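Student: model this:
(2 chains, ligands or ions: 6)
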Amino acid sequence: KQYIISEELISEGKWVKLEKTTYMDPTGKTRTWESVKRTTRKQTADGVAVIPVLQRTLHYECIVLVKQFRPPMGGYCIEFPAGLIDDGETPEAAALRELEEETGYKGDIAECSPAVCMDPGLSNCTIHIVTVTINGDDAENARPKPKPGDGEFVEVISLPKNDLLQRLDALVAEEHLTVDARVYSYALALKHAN
Amino acid sequence: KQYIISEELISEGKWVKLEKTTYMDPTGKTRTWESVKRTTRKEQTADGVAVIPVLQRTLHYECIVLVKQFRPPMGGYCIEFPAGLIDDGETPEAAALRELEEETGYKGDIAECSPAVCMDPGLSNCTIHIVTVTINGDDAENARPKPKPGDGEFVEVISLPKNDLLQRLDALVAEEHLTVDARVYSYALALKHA
Ligand SMILES: CC(=O)Nc1cc(C)[nH]n1
Ligand SMILES: [Cl-]
Ligand SMILES: [Mg+2]
Ligand SMILES: [Mg+2]
Ligand SMILES: [Mg+2]
Ligand SMILES: [Mg+2]
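Tutor: Numbering: from 1, shown residues only, chains lettered A, B, ... in the order given. Ligands and ions are numbered 1, 2, ... in the order given. The coordinates are given below.
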C-alpha cells in the first residue's frame, strides 16, 4: 500500500546526506519525510555490530564492549564493537576484522543476522549483528592487540553476561557515559528471559 | 580527553538538521565529524521512547508486542518496538504508555525505565528511553484493543511469543520484504542466548 514516489536531495556531505522523501500514505494522500542516509553504502548493510562472547574456563562468560568518544553525542558511549563493511567484504569478515581492530580479540562466527535497521524513522542505516565467541584461553587472545585505524581511540570494557544490565547501569551512574540502545536491549532481554 | 570544540549548522530541515562537528582527539589534534540531530528536542531527557511491551495472559505464554509500519527513510516496512517522541513536558513513562496505547490499543503498566540510550551514536545525537511495560491481557480494557493512530500513522500490531521470538521474526522476514529493527533483533538474540 505505501511506497516511495521520489527523493529530493537537501544536502550532501562527505559521509551523510539529508533527503526529502515523497511517499504515498495508505489513504492515497502524498506526504513528505526528512530522511538521512550515509554516502558510503555500495553491500548487505552499512555496517556490522559484533556481539563478542568472551569464554574463559573457570570464569564468568563476558560480553566485550567498547567505549569511544562520539562526536554526534558530545560524549563517551558504550557500544558493541562495530564498523562499516568495506566494499566487497562479507559481513562475517567485517565482524571479525572490526572485533580485532577494536578489541585485539580473535573470534569465531556463531551466527549472523539479516540486515537490521538502526533508526528507521530517521535513517536508512542498517547493520548485521554478528554473534562471535572468543576463546579467551587460546594463546592468540592472551594479550589481545587492539589495532586502531586512523582517528580511532577505543577502550575495551568486558562485563559479565550474567549481570550485564546491572553493570551497565552502574557505569552510567558513576562514569557519565551513554549506553547504546542495542547493548541495553540485549542486556534487558538477558534479565527478562524466562 | 576528548570534547566538542564547535558545532556549525550545515542544513536545517523542519525535523532534522546536519552539523559539522569540531572536536579534540586524544592526541591533542583537532578533527571534524558530520553529525545528525533532531530539531524537536527541547528539555526532554531524550528524543523518544521505545516500549518493550510484555503481554501477560493466564494460560498463555508471554508475548512481546511489536508494530509494523512503513518507514519512509527505509523505503519499506519495518518491525519495531512501539515508539514515539516525548512531547514537551511529558515524562518518558507517560510517553511510553501513551505511545503504546496509540499504536497498539493496549493499556500497559510501567515495569522499568532505562536511562537515555543512544540510537546510532556514530551518526546522530538521538537518544531514547527504553521502557518496559507489562500488559495485563486478562483485563477487559485489553480484550479487543484498537490502535488510535494519529494523523499519518498507519500501524499493524504483531504479538510474538517471547519463548520463540527470534525464530518467529526470522519466519516473518522469510515471508515478505521487511526489516526488523536492530533493538528488537538484539533483544530476541539475548532471549536465545540466555
Ligand atoms: C571520519 C568519519 O567517518 N566521519 C563521519 C561518519 C559519519 C556518519 N559522519 N561523519
Ligand atoms: Cl554465543
Ligand atoms: Mg567502530
Ligand atoms: Mg574499527
Ligand atoms: Mg511510533
Ligand atoms: Mg506514535
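Student: check contacts around residue A:134.
Tutor: Residue A:134 makes contact with A:52, A:53, A:54, A:55, A:64, A:99, A:105, A:106, A:107, A:108, A:141, according to CB atoms under 8 Å, 6 or more residues apart in numbering or on different chains. All C-beta atoms are positioned from the backbone trio N, CA, C, and that covers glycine.
Student: quickly note the distance from it to residue B:165.
Tutor: The spacing between residue A:134 and residue B:165, counted by CB to CB, to the nearest Å, is 25 Å.
Student: and residue A:143, by the same measure?
Tutor: From residue A:143 to residue B:165 the distance is 38 Å (CB to CB).
Student: and these two? Which one has more around it.
Tutor: Each of residue A:143 and residue B:165 has its neighbours counted (other CB atoms under 10 Å in any protein chain shown); residue B:165 has more, 23 against 7.
Student: hmm, stretch A:68-77 touching chain B?
Tutor: Yes: Stretch A:68-77 reaches chain B (CB under 8 Å from any CB of the partner chain) through A:69, A:70, A:71, A:72, A:73, A:74, A:76, A:77.
Student: wait, a helix at the fourth one?
Tutor: Looking back up the chat, that one is residue A:72. No: if the criterion is DSSP: H, G, I helix; E, B strand; the rest coil, then residue A:72 is coil and not within a helix.
Student: burial count for the closest residue to it other than its chain neighbours?
Tutor: Nearest residue to residue A:72, sequence neighbours excluded (CB to CB, 6 or more residues apart in numbering or on different chains): residue B:35, at 4.0 Å. Neighbours of residue B:35 under the rule other CB under 10 Å: 27.
Student: is residue B:35 in a bridge, and if so with what?
Tutor: Using DSSP bridges, the bridge partners assigned to residue B:35 are residue B:19.
Student: okay, strands next: where are they in chain A?
Tutor: Secondary structure of chain A, counting by DSSP state E: strands at A:3-12, A:16-24, A:30-38, A:47-55, A:62-70, A:75-79, A:82-84, A:108-112, A:116-117, A:126-135, A:155-160, A:178-179.
Student: can I get those in CSV including distance to ligand 4?
Tutor: Listed next are the strands of chain A as CSV, based on distance: least, CB to the ion, whole Å:
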stretch, distance to ligand 4
strand A:3-12, 24
strand A:16-24, 18
strand A:30-38, 16
strand A:47-55, 10
strand A:62-70, 9
strand A:75-79, 11
strand A:82-84, 4
strand A:108-112, 17
strand A:116-117, 19
strand A:126-135, 13
strand A:155-160, 12
strand A:178-179, 19
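Student: ranking these by burial, who's on top?
Tutor: Among the strands of chain A, strand A:116-117 has the highest mean neighbour count (mean count of other CB atoms under 10 Å in any protein chain shown), at a mean of 28.
Student: that one packs against which elements?
Tutor: Applying 3 or more CB pairs under 8 Å, 6 or more residues apart in numbering or on different chains; DSSP states H and E, we find strand A:116-117 packed against strand A:126-135, strand B:179-181, helix B:182-193.
Student: show residues contacting that strand.
Tutor: With CB under 8 Å, 6+ apart, strand A:116-117 has contacts from A:45, A:124-129, B:71, B:74, B:78, B:179-182, B:184-185.
Student: chain center to that strand: distance?
Tutor: 10 Å (CA atoms, centre = their mean, to the nearest Å).
Student: now residue A:100. Nearest residue, chain neighbours left out?
Tutor: residue A:106 (6.0 Å).
Student: most distant residue from the centre of chain A?
Tutor: Among residues of chain A, the one most distant from the C-alpha centroid is residue A:28; the distance is 36.4 Å, by CA atoms, centre = their mean.
Student: mind listing the residues bridging to the residue most central in space within chain A?
Tutor: Most central in chain A under CA atoms, centre = their mean is residue A:49, positioned 3.6 Å from the mean C-alpha point. Under DSSP bridges, the beta-bridge partners of residue A:49 are residue A:82, residue A:129.
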